[PDB]
Amino acid sequence: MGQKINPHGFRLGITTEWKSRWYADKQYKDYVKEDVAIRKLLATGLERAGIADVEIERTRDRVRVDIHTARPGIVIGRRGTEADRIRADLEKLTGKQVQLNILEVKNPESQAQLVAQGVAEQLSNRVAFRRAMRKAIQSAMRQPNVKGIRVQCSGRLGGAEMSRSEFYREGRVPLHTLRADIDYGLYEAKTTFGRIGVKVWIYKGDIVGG
Amino acid sequence: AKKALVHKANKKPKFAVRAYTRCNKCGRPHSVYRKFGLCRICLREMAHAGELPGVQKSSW
Amino acid sequence: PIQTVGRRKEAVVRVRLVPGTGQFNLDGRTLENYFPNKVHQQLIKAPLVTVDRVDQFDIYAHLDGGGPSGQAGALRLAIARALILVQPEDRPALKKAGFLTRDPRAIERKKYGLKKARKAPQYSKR
Amino acid sequence: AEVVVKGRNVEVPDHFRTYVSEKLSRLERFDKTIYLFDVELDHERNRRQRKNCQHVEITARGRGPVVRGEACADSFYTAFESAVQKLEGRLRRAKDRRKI
Amino acid sequence: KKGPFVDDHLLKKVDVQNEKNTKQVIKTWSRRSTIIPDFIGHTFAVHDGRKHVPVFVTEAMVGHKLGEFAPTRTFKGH
Amino acid sequence: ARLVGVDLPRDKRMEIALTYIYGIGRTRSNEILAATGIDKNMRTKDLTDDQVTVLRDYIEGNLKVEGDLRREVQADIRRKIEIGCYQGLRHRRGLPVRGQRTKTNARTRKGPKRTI
Amino acid sequence: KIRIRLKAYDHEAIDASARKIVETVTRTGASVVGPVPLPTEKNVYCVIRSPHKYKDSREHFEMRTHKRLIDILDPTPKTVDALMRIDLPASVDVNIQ
Amino acid sequence: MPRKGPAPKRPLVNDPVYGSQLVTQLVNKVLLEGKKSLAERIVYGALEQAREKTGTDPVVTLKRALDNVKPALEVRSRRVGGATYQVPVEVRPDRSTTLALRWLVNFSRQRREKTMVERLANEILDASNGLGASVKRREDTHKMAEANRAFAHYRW
RNA sequence: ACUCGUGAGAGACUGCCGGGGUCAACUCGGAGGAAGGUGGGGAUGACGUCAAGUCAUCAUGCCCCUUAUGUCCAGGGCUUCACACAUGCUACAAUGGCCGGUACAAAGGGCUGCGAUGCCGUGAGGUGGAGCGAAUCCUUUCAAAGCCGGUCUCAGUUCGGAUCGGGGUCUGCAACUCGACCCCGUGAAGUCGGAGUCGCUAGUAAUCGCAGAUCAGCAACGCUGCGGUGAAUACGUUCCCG
């Protein structure tokens, strides 16, 4: 319908960096398999925690798993108790040893993935969806410094039978411009009536910064 | 992509012709690649999310 | 001396300056035995016929790539820009006749969902 | 008059075969120009506390070139009736329009 | 033709059958070989999946693999 | 000329004139005409009866021809149609034997078309 | 001689990494060949971009492999130590031949 | 490039052996696809066979046949109101050379000589005298044009 | 030194001159220039449509099975065939076939992989392992159409290869149902195709080989790409289609 390519996959050569970074000849399928099982292992407890980014640098078979989140304090509970448990399970599930770096984003309302987190987690919690969309926005535009704001919510909105898509915005979100620095995040709400897939586009600025 | 078949394609088969690829992320039997070990859908979604190192969208 | 590089479709040719009574050295061969088609024989000597130094100029060339005709048109180009590199007042007389200008026409990219580049699969709607 | 009858996602009852044969057979009556007919029977709307939307597509190579023709209706017989009314008028027009 | 396929289960069974000079109807799974002419005379209940068809083996069967003296498909047309 | 049983034409070369027999194609003509010594470029009008003698004795001696291949091919097809093979079933029903496509093509075995 | 052939995905990181190797061996002092571009390899993978029936309308994903070369002549172990001592970008794999 | 106006056309180099626009254009219309070199061997061999059967300059024989097949009026196509009207229209120079060479090649290709060289030689010769079928197609095209002169007024 | 390989940079902006422009945009010509006016091609699909597609990639609400609608294996089927459609490939020959000699590519692929000289075969291939994780070694120094020469004389043929018989090789536990390839024979339809209809505006159409992914093997004539040789025509919006 809207045949819109994932813009983090449309600027992954130009502005947005890769999330996983190594070099691999004849070891690549194994590094893919470990990358997948690591991201499944970091889905659940960190999606409780407020995860945004999961980068995996990979040096000579050590591993370096780095996570950008919005609360160091739920990811790091008691020191080593909440960190070294998921870290140690990453050390056992992989056949390797894990150096887990955990870091905070300076503004959670600035990331499109975390905006999709807070919106969809509100939308599972029986709030008004137009009220939710408005809440995430306006406040986000000011927060740090955003130029774009696109929030599309499809699915059983309000528990209705029809799957109505909604489309709210503010400012400038140019997708066809490649010097855009757009963050994109889709996260899917889980109501009892079903799943409300939320897409958030956030246009930070014109800046190439090449 | 049933767990009996996802699990059965990872054991040691009783003949060498019987071992097939079966994409790791979902378990999709047809259209699996060898260098990635991912089917075309998991290649397209993971390569869109920048999760695969340096495969990117093509234009020559 | 004065060399040069002539680039046609995927061919490329390298020539050099030289003054002598008529000789043409391709990759170990003569011009009449490397180009048996007699039309490319005009297509390469036409810059020599324009600024009329057909016999008063002999030089050897080395090439690469293309097919027959890409190397022919490339060697036209390299003779022409070499004749810039002999006398610059030969240069407005070359460019006027249609010369010194390599043809940027290359075999374009095949497109997905087509038999060739610009050829749809022939569709009979019912 | 070669008559291919495909589903789309649907059973094809002996009532549907016979009815298809007789509506489309109207066209064999008066348009001698016919060749192949291709007839394909979609079934959505179903499953949604609502009434199923049928769709019929019909392809027809005349003697000469290719008609197509598409109809959506709450039931199947009413839809195929309607489709044959349309086709009959068209063809006589492609019969029509000419004759000096 | 390095070595033709032999059906080792049927091979063990066949040898036992011909050493005792006993002939018995055999319910055989094997559709793959009529390897030696040691199989001549033995009745093979060939299994096309669904039932067993008795097949007498004579001298002309050598070189035809065992399964398709019994066909797997049924076709009439009307 | 006359040979093993195939009437040779007026003006054909020898490597084509030998081909008109049931047992000989082009390669057998290139090997027979190399073994015996007749020039392949010789026409049939210019053919010698002693060349018919040596050529004829060679290709009835060391190779098989019309009656041997027609009775041999016929006897082998009826061999596999007597014993009850699946290829015997294909030769019975008039279907392609190699297990190839039967749904649309293989019209050269079913033959002329009847349409229902 | 110790010939280092380094491969990567980023031309920028392999150019700054080659600047680290040239600044390293040149800093310790030796005869060193500068960065030589071996050309590439591209893996082009055509993906039917649909969960279901749309064989046309693809998207094809390439894969760039950049190959840089630095040939080292006259090795001294004070220079050889700094090879295994630091590698900064670590998206580059270094073949020591 | 129609509906935007006239489109610029490629300039055509002349012949190496004979030195004419019309010889090279005959070559590019001889070109059953792929083999321009073989098209040059057909055209050249056919024009030296025309040189054998004339003993003169072959391009003069070619331009005299080209003149004797070249039409002046062409019929077409406009159907005003439920009747198809053959409308006669003045033929441009390039259109007339195109119909001359294209008819020459195609009706040489229908002719029953052994090779293509003998076909094209005999068709250029018979069109030079005026005895080919292509000259009869010129006379049938002027037959349709002069038979349909009245409909030509539309000024179209 | 020339290429070439890959890094950085210059270069096309109606910038410069002539005319129309309301002295506005913009358009017609000229110069310089490798290129002239979005130079060529990509990647890039707005708000929405069609209850279009997919609960079989995945995820999933609800309903159903839980002694089976789970699961394990052998054999069979997904390849059946009086038919009808659809996309392709090889053709119907002399611009051609067959034999001999000879010249020019681009891109790619390679670890329990790619595998050379040599030897055994007619040939698939066998024996053997040089050498390479590869601008190096191997895919032969890479092609085929091309050119030079000979033969064939318009014919159901030296066209055409379907089919069928015999004889093999390789892959695999296993080529019967159901693999490809080679050798010998066999040698059918087919004489440019009714109504109609499809593609394409320049390195395009047309034709010629080459590589790749999937893959032990292959139904590859497919798909994705690479290059070779290379045309005709466009008067123009009346008509058909959007």
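Can you check what the net charge comes to around F:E31, using other residues whose Cβ is under 12 Å from the Cβ of F:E31 (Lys, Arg +1; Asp, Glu -1)? Write down the numbers at each step before the final one.
Numbers: positive: F:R26, F:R28, F:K40; negative: F:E15.
That sum, taken over residues with Cβ under 12 Å, equals +2.
Cut-off is 10 Å between beta-carbons; in what order do G:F61, B:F15 appear when sorted fewest neighbours first?
Working: G:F61 21, B:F15 6.
Going from sparsest to densest Cβ surroundings: B:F15, G:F61.
222 nm [θ] for chain G, helices only, -39500 (n - 2.57) per DSSP H run of 4+, per residue, to 500?
Values: 2 runs with 27 residues, N = 97.
Dividing the helical sum by the residues of chain G leaves -9000 deg cm²/dmol.
If contacts are Cα pairs under 8 angstrom and at least 6 residues apart, what is the relative contact order of region F:4-116 in percent? Spell out each step's value before the answer.
On the way: 93 pairs, mean separation 22.2, N = 113.
Here the relative contact order equals 20 percent.
Suppose only helical runs count, i.e. DSSP H with n ≥ 4. What mean residue ellipticity at 222 nm does that imply for chain A under -39500 (n - 2.57) per run, divided by all residues and rounded to the nearest 500 deg cm²/dmol? Write down the numbers at each step before the final one.
Working: 5 runs with 57 residues, N = 210.
So the helix-based figure for chain A works out to -8500 deg cm²/dmol.
For the protein assembly as shown, rounded, prolate or oblate, judged on the Cα gyration tensor with a ≥ b ≥ c (square roots of eigenvalues), a/c < 1.5 rounded, else prolate if a/b > b/c? Don't skip to the end; give the middle numbers.
Working: a/c = 1.42, a/b = 1.19, b/c = 1.19.
Rounded, since a/c falls under 1.5.
With Cβ to Cβ distances under 12 Å as the rule, what net charge do the other residues near F:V73 carry (K, R +1; D, E -1)? Walk me through the numbers before you get to the answer.
On the way: positive: F:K64, F:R70, F:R71, F:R78, F:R79, F:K80; negative: F:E66, F:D68, F:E72, F:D76.
Net charge in that neighbourhood comes out at +2.
Given R₀ = 35 Å, FRET efficiency for C:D52-G:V44 by Cβ-Cβ distance, to 0.05?
The formula returns an efficiency of 0.10 here.
Which of the three applies to chain G, rounded, prolate or oblate, going by the alpha-carbon gyration tensor with a ≥ b ≥ c and a/c under 1.5 meaning rounded?
prolate
To make sure I understand, if each residue's beta carbon is the centre and we count other beta carbons within 10 Å, what order do A:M133, A:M141 fall in, fewest to most? Walk me through the numbers on the way to the answer.
On the way: A:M133 23, A:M141 16.
Taking fewest neighbouring Cβ atoms as first place, the list is A:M141, A:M133.
Would you work out which of E:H64, H:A83, G:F61 lies farthest towards the positive end of the dipole of the protein assembly as shown, given +1 charges on the beta-carbon of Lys and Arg and -1 on that of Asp and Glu, about the Cα centre?
Value: H:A83.
Once you place label points 7 Å from the Cα toward the Cβ at F:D57 and F:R101, how far apart are they in nm?
5.3
Are there any trypsin sites (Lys or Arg not before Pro) in region H:43-117 that are in a DSSP loop and have at most 11 other Cβ atoms within 10 Å? List them by number.
Working: sites: H:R51, H:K53, H:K63, H:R64, H:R76, H:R78, H:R79, H:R95, H:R102, H:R109, H:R111, H:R112, H:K114; in loops: H:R78, H:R79, H:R111, H:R112, H:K114.
Counting only loop positions with at most 11 other Cβ atoms within 10 Å, the trypsin sites (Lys or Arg not before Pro) in region H:43-117 are H:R79, H:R112, H:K114.
Less than 18 Å from a label point 7 Å out along the Cα-to-Cβ axis of D:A73: which backbone N atoms in region D:1-19 qualify, by residue?
Under cut-off, by backbone N: D:5-19.
Let's test the formula: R0 of 56 Å, r as the Cβ-Cβ distance of H:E52 and C:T21. What FRET efficiency results, to the nearest 0.05? If you can, show how the numbers build up before the last one.
Numbers: r = 37 Å, r/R0 = 0.66.
It comes out at approximately 0.95.
Count the net charge of all other residues whose Cβ sits under 14 Å from the Cβ of C:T50, scoring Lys and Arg as +1 and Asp and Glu as -1. List each step's numbers first, then the result.
Working: positive: C:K45, C:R53, C:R76, C:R81, C:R91, C:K95, C:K96; negative: C:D52, C:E89, C:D90.
Charge balance near C:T50 sits at +4.
Report relative contact order for chain E in percent, whole number only (criteria: Cα-Cα under 8 Å, sequence separation at least 6). Walk me through the intermediate numbers first.
Values: 112 pairs, mean separation 21.0, N = 78.
27 percent.
Let me know the shape class of region H:19-156, please: from the alpha-carbon gyration tensor, a ≥ b ≥ c as square roots of the eigenvalues, rounded when a/c is under 1.5, otherwise prolate if a/b is greater than b/c, or oblate. Please report the intermediate quantities before stating the final value.
Details: a/c = 2.40, a/b = 2.14, b/c = 1.12.
Judged from the Cα gyration tensor, region H:19-156 comes out prolate (a/c at least 1.5, a/b above b/c).
For the pair F:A35 and E:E19, how long in nm is the line joining their label points, each one 7 Å along Cα→Cβ?
Using points 7 Å along Cα→Cβ, the separation is 4.9 nm.
Among the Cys residues of the protein assembly as shown, which have no other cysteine Cβ under 4.7 angstrom away?
Here A:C153, B:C26, B:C42, D:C53, D:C72, F:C85, G:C46 come out as lacking a disulfide-compatible partner, given the Cβ-Cβ threshold of under 4.7 Å.
Order of G:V25, H:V117 from fewest to most other C-beta atoms within 10 Å?
Numbers: G:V25 23, H:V117 18.
Least crowded to most crowded, the residues run H:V117, G:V25.
Compare H:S20, H:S134, H:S108 in a GNM of chain H, Cα atoms joined below 10 Å, and give the one with the largest fluctuation.
Maximum among the listed residues: H:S20.
First measure r as the distance between the Cβ atoms of F:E82 and D:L36, then evaluate 1/(1 + (r/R0)^6) with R0 = 56 Å and state the FRET efficiency to the nearest 0.05. Could the numbers behind the result be given before it?
Numbers: r = 44 Å, r/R0 = 0.78.
The pair F:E82/D:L36 has a calculated efficiency of 0.80.
Separation between the B:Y20 and H:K143 pseudo-spin-labels, each 7 Å from Cα along Cα→Cβ, expressed in nm?
If labels sit at B:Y20 and H:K143, their model points lie 6.9 nm apart.
Among C:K96, C:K45, C:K111, which one shows the biggest mean-square fluctuation in a GNM of chain C, springs joining Cα atoms closer than 10 Å?
Residue with maximal mean-square fluctuation among C:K96, C:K45, C:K111: C:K111.
Can you list which of the GluC sites (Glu not before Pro) found in region C:17-126 are DSSP loop residues with at most 14 other C-beta atoms within 10 Å?
Filter output for region C:17-126: C:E108.
Here the Cβ is made from the backbone with ideal geometry for all residues, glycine too, and neighbour counts use every protein chain on show. Where a number appears in this text, it was derived from the coordinates with a stated rule and is not lab data.
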